[PDB]
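Chemist:
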Amino acid sequence: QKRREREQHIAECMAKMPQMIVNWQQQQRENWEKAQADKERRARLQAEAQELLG
Amino acid sequence: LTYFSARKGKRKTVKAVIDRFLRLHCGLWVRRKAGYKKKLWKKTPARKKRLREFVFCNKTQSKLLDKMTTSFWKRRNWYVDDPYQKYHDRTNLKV
Amino acid sequence: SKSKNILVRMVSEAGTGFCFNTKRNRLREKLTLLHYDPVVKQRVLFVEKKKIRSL
Amino acid sequence: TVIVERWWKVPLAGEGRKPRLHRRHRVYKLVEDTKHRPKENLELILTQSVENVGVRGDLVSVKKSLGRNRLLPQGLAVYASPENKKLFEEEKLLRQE
Amino acid sequence: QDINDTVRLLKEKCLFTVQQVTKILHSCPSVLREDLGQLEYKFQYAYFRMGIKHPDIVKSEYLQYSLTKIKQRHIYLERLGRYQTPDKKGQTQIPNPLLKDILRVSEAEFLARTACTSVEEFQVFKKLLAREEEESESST
Amino acid sequence: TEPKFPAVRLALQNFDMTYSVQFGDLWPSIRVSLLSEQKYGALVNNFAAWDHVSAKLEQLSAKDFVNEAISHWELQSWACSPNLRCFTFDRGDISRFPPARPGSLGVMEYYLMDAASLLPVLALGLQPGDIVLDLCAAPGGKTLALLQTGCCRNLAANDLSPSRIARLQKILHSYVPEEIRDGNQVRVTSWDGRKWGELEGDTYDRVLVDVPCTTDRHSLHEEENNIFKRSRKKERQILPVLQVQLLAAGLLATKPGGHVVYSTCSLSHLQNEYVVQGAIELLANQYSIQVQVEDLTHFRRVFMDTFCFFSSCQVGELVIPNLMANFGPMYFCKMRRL
RNA sequence: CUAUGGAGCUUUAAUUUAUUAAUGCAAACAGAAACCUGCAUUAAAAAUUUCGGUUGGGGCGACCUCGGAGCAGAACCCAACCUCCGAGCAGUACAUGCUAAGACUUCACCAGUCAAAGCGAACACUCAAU
Ligand SMILES: C[S@@+](CC[C@H](N)C(=O)[O-])C[C@H]1O[C@@H](n2cnc3c(N)ncnc32)[C@H](O)[C@@H]1O
Ligand SMILES: [Mg+2]
Ligand SMILES: [Mg+2]
Ligand SMILES: [Mg+2]
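What follows is the structure, given as structure tokens:
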């Protein structure tokens, strides 16, 4: 019984493991994209500050 | 080391070596590596791999343990399903 | 001798019970790595569970 | 009553031979003191009228501190021995007759 | 038993004469209400960190005041440099402000005469000392 | 523990014996402030989410005294080094900033440093596309401000001690993104500071020299490696010579028409003003180099709102510790080499 | 000067309250109390044991592990005391997985280091010590 429960738990976890992996990778990619978008926003704000200076 | 016990007049055995070392009937002594469970997060995989092995002892240490253990531990055993059964005897050894 | 990093334990999300220790910065989020699991003979996610010690 | 246990194991002596005691066997540890245990109730059979129970022949469980000092010493009650309870059931039968 | 313990603390732990204990009981009655540990801490603070003796403390009624305000004013003066803790020899490089002036007068008069500093500075020091004391208690 | 006369007590006794006549009636307040905890200022990492951390600090009720000074510059009337943000609490406040947390960019949001240490950077008067030298840079409290300003194409930071060099490099890794430091834009070195007058003479435009000195604030609290130990008495005695030599080396390194900011975290005139005067006299005698100390009264008047200054300094400007504003102690002198 | 030889004395040296005294709880009575017993907290008075090496004054300090330079010129080793600078970290991966020929080694041992092939993946991490 213990062996069967272990095996079925492993199978259940591995059934949804690929979805978890792809969701985590998507989350990391979206975090990187948001960081780069914030970099672009900071560059725009620096350009606005330069415009104010000039 | 007790060369003559006070209740039997016979040599005693140190139990530290018994708990720490394994003796093969051929005369070799097998031990562990000091520190194979200590601070594994700062050790390389190769270092851990060679730390978690079983190694032999040299002639001086073998003689020391031979003196420190009695003849009961030097007998030949016939345990059923013994992992070290094939290692009790030397093969193709010259001098 | 300030302790900038801590040793933490990562367990597999596959339920195999496999786990390993890795060091991370204290001032950081909880880690979710992708590590090889010998039980399932492939790579699976590992999430931080418990902080072990500071180093 | 204080109860103690030896800290060190005493080697077996066998049958018909007393064990050999050592100086380290004199070291004891306190397992339990009985005087700190919860109290019990003494069960007895009455002979005269009492404030709690006023009928002769009723088995009553009362605190030892009272049963041992007031009921038994003055003869107001008797022990719940099997002989006593038989003798009281005899008079109960006589009354019911 | 509480009164017996308090008087035994005064006579044995604090080493006060019987007449001094009687005078303390007559003059500062809040000592009985006060717990033992804080009372001993106050007495030893006065004895060591202030260097005041038994006749002086029993004459000035030091034990009746709040340990918090005692700490605040004493530490403020010590950090100012107006108060110098007596050394092993009992000598002090500077004259010390009197206990009556440091405690019995108002905060305004205390600042005007001894501290010679601003009330805002005193309040800021009070906040800092409260933070330091709570941190010390947490550490202990 | 130590046997007798601990270093902290020795430092306190020396400071009493000297400043009791050096300052007059300010020594009580100065001593109380030095013995009490110092107020911290939050320097915003401009490379990170500066707007978001500014909003966070303003919700924490911190004010931008740098921006207030920028506003007051024209109100009172070389300007100052631009593109800097530092937040401090109101006068007399005891609230402390929470420990810094990393942002989405991977770099920490802000650095907790004494606000008085930012004054030399502002007085240095940085300009875009400049060249900066930083003697005794490590651990890098002022070099971080220089890089946040970001007006230097080449910054050469030097400090003798490899341990503090490593600490400065760790700070740079934590704050400055790797692409700025990958090139020769930042050059951290560990060599004697007296060599730069021959290694690179008339080379650098802005130079900041913060000579080693008996820091009173650290001396009165830290009990490890104090200048007032018996083993270090020789170093304490020889300290003014090293200070004047380092200032002379920095003046040699800077180019004619260049700017030198000499700063020290102490209150003693002997190590604040006499060092500068000895340096200028040595320049006049040995190397025939002329320098002009600028007037910083205009600089002082702007920051008098949030800082306490001593108005009896012959050459530079000195910020003294106070209970309302526990920043300091600090001293700095600005000089142009002609 | 040496002894991992003693002893006397002192104490905020380490380990204890066995003992005494005072409290509290329990037990036992009275109805409240006292004596005794057990278990805890305080003191008092005590009991056992000890002085790690270097720097010759002596204090005052510093030193004891590892790395580098002055240090033995050309395979290796080799100057102890000494003079000086550092280290007792940090950073990037998350196969920094698993097994397995043959070798090096700080002059012993303990430790420490390199690594063919093979399984499994992708198209034996940087750093002198740490
Ligand atoms: C007082 S700290 C200045 C820290 C930093 N500049 C700041 O303002 O936050 C000066 C440091 O310079 C280093 N230093 C001392 N003498 C030096 C010298 N002669 N040349 C270069 N650096 C030196 C010391 O290690 C000391 O920690
Ligand atoms: Mg010896
Ligand atoms: Mg003994
Ligand atoms: Mg070898």
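For the protein sequence lines, the chains are q, 3, 1, H, y and x, in the order given.
Going by PDB author numbering, the first sequence runs without a break in its numbering and finishes at 165.
Going by PDB author numbering, the second sequence runs without a break in its numbering and finishes at 188.
Going by PDB author numbering, the third sequence runs without a break in its numbering and finishes at 65.
Going by PDB author numbering, the fourth sequence runs without a break in its numbering and finishes at 149.
Going by PDB author numbering, the fifth sequence runs without a break in its numbering and finishes at 331.
Throughout the sixth sequence, residue numbering follows PDB author numbering, covering 34 to 110, 123 to 383 in sequence.
Virtual Cβ for every residue (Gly too), placed ideally from N, Cα, C.
1) Please compile the residues from chain 1 whose C-beta is within a distance smaller than 9 Å of the C-beta of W135 (chain q).
2) Can at least three beta-carbon pairs, one atom from the stretch 68-76 of chain x and one from the stretch 151-167 of chain x, be found at a separation below 8 Å?
3) Determine the direct distance from the alpha carbon of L292 (chain x) to that of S87 (chain x), and round the result to whole angstroms.
4) Alpha carbon to alpha carbon, how far is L213 (chain x) from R224 (chain y)?
5) Going by DSSP, name the residue or residues bridged to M380 (chain x).
6) Distance, Cα to Cα, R34 (chain 1) vs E118 (chain q)?
7) Could you check where the beta strand (DSSP E) with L98 (chain H) kicks off and where it finishes?
8) Could you check whether the Cβ of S149 (chain x) sits closer than 7 Å to any Cβ belonging to chain q?
9) Identify the contact partners of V50 (chain 1) in chain q, using a Cβ-Cβ distance below 8 Å as the criterion.
10) Looking at the unbroken beta strand (DSSP E) that takes in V130 (chain H), where does it start and where does it end?
11) Looking at ligand 1, does it come within less than 6 Å of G242 (chain x), judged from the CB to the closest heavy atom?
12) Indicate whether the contact test is met: 3 or more Cβ pairs, each with one atom in the stretch 249-265 of chain y and one in the stretch 275-282 of chain y, closer than 8 Å.
13) Using 8 Å for Cβ pairs, my map puts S126 (chain x) next to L167 (chain x). What's the rounded Cβ distance?
14) Within 6 Å: the Cβ of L205 (chain x) and any heavy atom of ligand 1?
15) Residues of chain q with CB closer than 8 Å to the CB of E23 (chain 1), please, in chain order.
16) Compute the Euclidean distance between the alpha carbons of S313 (chain x) and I243 (chain y), then round it to the nearest angstrom.
17) At 7 Å on the CB atoms, spell out the chain x contacts of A146 (chain q), in chain order.
18) Going straight from the alpha carbon of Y46 (chain 1) to that of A24 (chain 1), what length do you get?
19) With which residues is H45 (chain 1) paired in a DSSP beta bridge?
20) So if DSSP puts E57 (chain H) in a beta bridge, which residue, or which two residues, is it bridged to?
21) Just to confirm my understanding: we take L150 (chain x), look at its own chain, exclude 5 residues before and 5 after, and list those with CB closer than 6 Å. What are they?
22) How many Å lie between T153 (chain 3) and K126 (chain 3) at the Cα?
23) Between which two residues does the beta strand (DSSP E) harbouring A124 (chain x) extend?
24) For the candidate residues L290 (chain y), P286 (chain y) and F313 (chain y), whose alpha-carbon lies nearest to that of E298 (chain y)?
25) Taking contact to mean at least 3 C-beta pairs separated by less than 8 Å, is the stretch 297-308 of chain x in contact with the stretch 244-253 of chain x?
26) Please list the segments of the alpha helix (DSSP H) lying wholly inside the stretch 157-217 of chain x, counting only runs of 4 or more residues, in order along the chain.
27) Can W134 (chain 3) and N31 (chain 1) be called in contact, C-beta distance under 7 Å?
28) Assuming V152 (chain x) contacts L200 (chain x) under a Cβ cut-off of 8 Å, what Cβ separation, rounded to an integer in Å, is found between them?
29) What is the DSSP secondary structure of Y155 (chain x), reduced to helix, strand or coil?
30) With DSSP as the reference, identify every bridge partner of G74 (chain x), one or two as the case may be.
31) Shortest alpha-carbon distance to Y232 (chain y) belongs to which of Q211 (chain y), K204 (chain y) and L216 (chain y)?
32) Does the pairing of the stretch 186-203 of chain x with the stretch 127-139 of chain x give three or more beta-carbon distances under 8 Å?
33) Going by C-alpha distance, which of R345 (chain x), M369 (chain x), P143 (chain x) and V233 (chain x) is nearest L90 (chain x)?
34) Beta-carbon separation of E57 (chain H) and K81 (chain H) under 7 Å?
Modeler: The structure says:
1) Looking up residue 135 (chain q) in the first sequence gives position 24. Near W135 (chain q) (Cβ distances below 9 Å), the residues of chain 1 are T42, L44 and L55.
2) yes
3) The residue you call residue 87 (chain x) lines up with position 54 of the sixth sequence. The residue you call residue 292 (chain x) lines up with position 247 of the sixth sequence. Computed Cα separation, rounded: 37 Å.
4) Sequence index remark: in the sixth sequence, residue 213 (chain x) carries index 168 (1-based). Sequence index remark: in the fifth sequence, residue 224 (chain y) carries index 33 (1-based). Straight-line Cα distance between these residues: approximately 57 Å.
5) Residue 380 (chain x) sits at position 335 when you count from the first residue of the sixth sequence. Beta-bridge pairing links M380 (chain x) to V305 (chain x) and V338 (chain x).
6) Numbered from 1 along the third sequence, position 24 holds the residue referred to as residue 34 (chain 1). Numbered from 1 along the first sequence, position 7 holds the residue referred to as residue 118 (chain q). Those two C-alpha atoms are separated by around 32 Å.
7) Walking along the fourth sequence from the start, residue 98 (chain H) turns up at place 46. Taken as a continuous stretch (DSSP letters only), the beta strand (DSSP E) holding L98 (chain H) covers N93 to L98.
8) Numbered from its first residue, the sixth sequence carries residue 149 (chain x) at position 104. Yes, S149 (chain x) counts as interfacial toward chain q.
9) Numbered from 1 along the third sequence, position 40 holds the residue referred to as residue 50 (chain 1). Residues of chain q passing the Cβ test: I121 and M125.
10) Numbered from its first residue, the fourth sequence carries residue 130 (chain H) at position 78. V130 (chain H) -> beta strand (DSSP E) spans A129 to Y131.
11) The residue you call residue 242 (chain x) lines up with position 197 of the sixth sequence. No, the Cβ of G242 (chain x) stays beyond 6 Å of every heavy atom of ligand 1.
12) no
13) Translated into positions along the sixth sequence, residue 126 (chain x) becomes position 81. Translated into positions along the sixth sequence, residue 167 (chain x) becomes position 122. Going by Cβ atoms, the distance from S126 (chain x) to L167 (chain x) rounds to 6 Å, so yes, they are a contact pair.
14) Counted from its first residue, the sixth sequence places residue 205 (chain x) at position 160. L205 (chain x): yes, Cβ under 6 Å from ligand 1.
15) Looking up residue 23 (chain 1) in the third sequence gives position 13. The contacting residues are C124, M128 and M131.
16) Residue 313 (chain x) sits at position 268 when you count from the first residue of the sixth sequence. Residue 243 (chain y) sits at position 52 when you count from the first residue of the fifth sequence. Answer to the nearest angstrom: the Cα atoms are 36 Å apart.
17) For this step, residue 146 (chain q) is matched to residue 35 along the first sequence. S149 and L150, listed in chain order.
18) Indexing the third sequence from 1 puts residue 46 (chain 1) at position 36. Indexing the third sequence from 1 puts residue 24 (chain 1) at position 14. Cα to Cα, the separation comes out at about 11 Å.
19) Residue numbering aside, residue 45 (chain 1) sits at position 35 when the third sequence is read from its first letter. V54 (chain 1).
20) Taking the first residue of the fourth sequence as position 1, residue 57 (chain H) is located at position 5. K81 (chain H).
21) Position 105 of the sixth sequence, counted from the first residue, corresponds to residue 150 (chain x). Answer for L150 (chain x): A81, listed in chain order.
22) Here residue 153 (chain 3) corresponds to residue number 60 of the second sequence, with the count starting at 1. Here residue 126 (chain 3) corresponds to residue number 33 of the second sequence, with the count starting at 1. Their backbone Cα atoms lie some 18 Å apart in a straight line.
23) Residue mapping note: residue 124 (chain x) aligns to position 79 of the sixth sequence, counting from 1. Taken as a continuous stretch (DSSP letters only), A124 (chain x) belongs to no beta strand (DSSP E), as it is neither H nor E.
24) To locate residue 298 (chain y), count along the fifth sequence from 1; it is residue 107. Out of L290 (chain y), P286 (chain y) and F313 (chain y), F313 (chain y) has the C-alpha closest to the C-alpha of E298 (chain y).
25) yes
26) 164-169 and 186-194
27) Against the second sequence, residue 134 (chain 3) aligns to sequence position 41. Against the third sequence, residue 31 (chain 1) aligns to sequence position 21. In contact: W134 (chain 3) and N31 (chain 1) (Cβ atoms closer than 7 Å).
28) Sequence index remark: in the sixth sequence, residue 152 (chain x) carries index 107 (1-based). Sequence index remark: in the sixth sequence, residue 200 (chain x) carries index 155 (1-based). Going by Cβ atoms, the distance from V152 (chain x) to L200 (chain x) rounds to 18 Å, so no, they are not a contact pair.
29) On the sixth sequence, position 110 is the one that residue 155 (chain x) refers to. The answer is strand: DSSP assigns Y155 (chain x) an E or B state.
30) As a working mapping, residue 74 (chain x) is identified with position 41 in the sixth sequence. Beta-bridge pairing links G74 (chain x) to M158 (chain x).
31) Residue mapping note: residue 232 (chain y) aligns to position 41 of the fifth sequence, counting from 1. Here the closest residue by C-alpha is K204 (chain y).
32) yes
33) Counting from one through the sixth sequence, the residue named residue 90 (chain x) turns up at place 57. The option with the nearest alpha carbon to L90 (chain x) is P143 (chain x).
34) For the purposes of this step, residue 57 (chain H) is identified with residue 5 of the fourth sequence, where counting begins at 1. For the purposes of this step, residue 81 (chain H) is identified with residue 29 of the fourth sequence, where counting begins at 1. In this structure, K81 (chain H) lies closer than 7 Å to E57 (chain H) by Cβ.
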